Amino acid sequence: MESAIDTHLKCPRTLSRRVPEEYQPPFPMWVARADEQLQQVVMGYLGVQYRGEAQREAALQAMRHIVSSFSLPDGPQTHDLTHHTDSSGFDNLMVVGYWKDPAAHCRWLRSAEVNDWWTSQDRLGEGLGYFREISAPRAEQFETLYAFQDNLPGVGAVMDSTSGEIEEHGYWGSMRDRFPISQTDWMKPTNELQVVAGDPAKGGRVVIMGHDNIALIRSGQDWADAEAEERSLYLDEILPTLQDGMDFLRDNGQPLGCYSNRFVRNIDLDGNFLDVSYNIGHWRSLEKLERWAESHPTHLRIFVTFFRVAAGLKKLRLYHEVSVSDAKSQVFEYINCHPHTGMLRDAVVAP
C-alpha cells in the first residue's frame, strides 16, 4: 500500500485528507507515476466540426491534415482521435495530443507550418469549424486512477510507470486527495470564462479566456479486448446508464457548473469506430464535479456496479484522469463553430 501522491510531491499538509491514516481501500486500484523531471503536461484537444453528410469527407480530410501535423518536430508524444454528435446536431472530430514537456508543445504550436495554417484567413472560408482547447496542468495539478496496470491510456501513456496499489480511493473526496496540490490548496475557481476576441454568436475567430482551476475530466471505457462476457457486462449493463448520465450533463450541465460535456467514441482516420470511448468534461471547479459524481443516480448506479464486478474484471478497462489548470496555461479558441461549442456556450461577454 502506497500513497497516490508521489514521494517528491509530498508536502506538509495544511488541508486534511478526507480519511484518516488508517484507511484501507476496498479493492486494488493504481495510478500513473513520473519522477521529478515531469513538471507539466500539455493536453491539447484539436477539433473539426461539421454538419451533415454533405461535409463529412471534407472534415475527415481536415482532420487528416491536423493529425499529420502531429508528426512534425516537437509534436505530441501520444494522440488519439474521436467522434461525437453534439446536441446541436453537429458532428465533431477531436484529436487529443499529450506532451510531457511544455517547451516542445510551444515550439510546435508556434512553428510556421502549424501557426500559419491555424492563423490563415483561408480557415474562415472552408465551411468547417475548427477549435483548440489546450491546458497545461503541472504535476501537482492532476490525478489518474486505473482499474488495471498495463498500457495506460490518456495522460498515463506519457508518464513513467504504474504505481503499486494506492490508499486514496474508494470514497467520495478521494479524487481530490489524489491531487498533490490538495495538500495545501482548495482549488477554488476565480473569475469566469470571458470572451476576449470575436463574438461566439457570429462565428468567425473567437478567443475565450480561461480562469484558474477549471477542472477537466477524461473518464474512459475500453472494451476492445473483452470476451462475450465482459462485452455484455459493459454494453448491456453499464453503457445504458452511463449514456443517460452523459446526456444529462450535456443537456442540463450549465447550472451545475459543467461548461461542456462530450461523450466520444474513438475512430480511425477512415472514420471507423473502435471499441473505446470516453467523456471529456470541462467544469468550473473540481468541487462542482465532486457534487455531481457523488449524488447523481446515473453515476451512483454505475459506481455500485463497479464495486460489484471489480474483482472479476479481466479485459474491460476503466479509468480516469482529472486535472485542473491555471488561466495562464489554458487556450480556448474557435473558428466558425456554433455558439454552443465547448467554452463558447458559457463564456461571459462583459463580466
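Sequential numbering from 1, following the sequence displayed.
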property	result
Average Cα temperature factor in the PDB entry - higher stretch of 278-286, 26-34	26-34
Given 166-174 and 236-244, the range whose Cα B-factors average higher in the PDB entry	236-244
Of the residues 324, 313, 318, 46, the one carrying the largest Cα B-factor as recorded	313
Residue of maximum C-alpha B factor among 154, 271, 137, 257, per deposited coordinates	271
CA B-factor ranking of residue 180, expressed as a third of its chain	lowest
Third of chain Cα B-factors occupied by residue 133	lowest
Residue 300 by Cα B-factor - lowest, middle or highest third of the modelled chain	middle
Third of the chain's Cα B-factor distribution that residue 293 belongs to, per the entry	lowest
Chain thirds of CA B-factor: placement of residue 340	middle
